[PDB]
Amino acid sequence: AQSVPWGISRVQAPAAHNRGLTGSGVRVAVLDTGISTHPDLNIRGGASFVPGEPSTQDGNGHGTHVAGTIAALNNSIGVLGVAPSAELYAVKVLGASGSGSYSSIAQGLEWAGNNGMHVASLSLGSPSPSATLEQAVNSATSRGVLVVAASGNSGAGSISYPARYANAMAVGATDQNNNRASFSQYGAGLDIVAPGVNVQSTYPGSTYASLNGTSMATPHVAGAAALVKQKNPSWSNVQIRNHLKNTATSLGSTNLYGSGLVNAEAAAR
Ligand SMILES: [Ca+2]
Ligand SMILES: [Ca+2]
């Protein structure tokens, strides 16, 4: 039996599924610790930018979990992604420890723009800016990539980098009560929020796990962007971004939630 994690229903993905919008033909790069082979995922390819870890398999668990929120297959097992037919690419920029350099991240962004990705999902935020990171976010954007980045988990009233850059769509996290998760960074530049607490998804070892963080919120938005792209193949990254913000569910404070809660079914109708 397939279960639908609460965040998946919270964003109204199933209603878009019923209308035929599944992410078909949309290319999504997961910039994270890698993605492990799993019965509920279909990995199309990828690259590793982590010295010493040449494989795109996941040695941490984070990248596999993020991937599942985006595109766990719609079938009789496991979970269900926002965009179950999306074309998933594993872009390993974080080593098994869960950390990486500004230069491996930057190389992963360049990779996405150079290989025609439509969406790039970045889970890690840094407290300090990086001219290298900023260049990479701009380059991917000009090559038509929608860069979706986590706001960060410090609980502070300002957002991490690269989420803070103008060309990155910054995503915070809500809890099951639609309130701001305690750790979710907010403030200037926050574009939207999605579920980030108690998120069940795919995990190495052909299993499932629940994790918390802004990196769990991010894939919900990347997945929603893939449904919009499928519905509107001629739209640009900027059109998609603006349409997601415009169809988001207002939660109140723009400081805490930006445009509000992503709504996959309102964005894709
Ligand atoms: Ca499944
Ligand atoms: Ca931003």
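Note that ligands are numbered from 1 as they come in the structure, with each ligand's atoms numbered from 1 the same way. All heavy atoms count here, side chains included; hydrogens, waters and symmetry mates do not. Position 1 is the first residue of the sequence, and the numbers go up from there.
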| request: Assess the side chains of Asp32 and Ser123: does a donor N or O sit below 3.5 Å from an acceptor N or O? | output: yes
| query | Does a donor on one side chain and an acceptor on the other come within less than 3.5 Å for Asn198 and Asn212? | reply | no
| message | With 3.0 Å as the limit, count the protein N, O or S atoms near the Ca ion (ligand 1). | response | 7
| task | Output yes if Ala168 passes the N/O/S-under-3.0 Å test against the Ca ion (ligand 2); output no otherwise. | result | yes
| query | So with a 6.0 Å cut-off around CD of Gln135, is the heavy-atom count from everything else above 12? | reply | no
| Exercise: identify the closest heavy-atom pair between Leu31 and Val93 | C-CG2, 4.0 Å
| message | Between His38 and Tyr208, is the ring-ring contact (aromatic ring centres under 6.0 Å, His included) condition met? List the steps. | response | CA-CA 10 Å; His38 189 287; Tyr208 306 93; 5.1 Å; yes
| field | Residues in salt bridge (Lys or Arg N to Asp or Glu O under 4.0 Å) contact with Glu53, at least two apart in sequence or another chain | value | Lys92
